[PDB]
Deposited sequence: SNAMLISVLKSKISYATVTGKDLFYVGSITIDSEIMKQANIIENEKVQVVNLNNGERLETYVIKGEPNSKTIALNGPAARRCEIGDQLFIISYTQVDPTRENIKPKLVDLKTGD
């Protein structure tokens, strides 16, 4: 038996770029590290400016670049300067002790 719970949250991630025709969210690899989020992990991305809510996967950005970029169709759901929260969830046995989320506040 499993339930979904918060694993990681990055708060106040400022969008630095967007690329519709990408060759999904790019995040500074050091921020990913702080948040215990791995390459290709599924995340929920929510936008404080426009209210958009979406799910996509993570691409590594360059370490210490502060890159936060929405690529592909997700580019249509933001603009540069928007503030995001980026959330990862995990499925756990509810008979186990509670998971303590990793919280990263970029503000």
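Several segments of the deposited sequence are absent from the coordinates, namely 1-3, 27, 112-114.
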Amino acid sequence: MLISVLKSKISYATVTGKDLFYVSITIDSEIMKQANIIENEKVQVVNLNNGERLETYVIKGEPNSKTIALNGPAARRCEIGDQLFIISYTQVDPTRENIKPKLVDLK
From here on, numbers count along this sequence of modelled residues.
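Taking only CA atoms, the mean B-factor in the PDB entry is higher for 37-45 than for the other of 51-59 and 37-45. Higher mean CA temperature factor, per the PDB entry, when comparing 94-102 with 7-15: 94-102. Residue 25: CA B factor in the middle third of modelled residues in this chain (values from the PDB entry).
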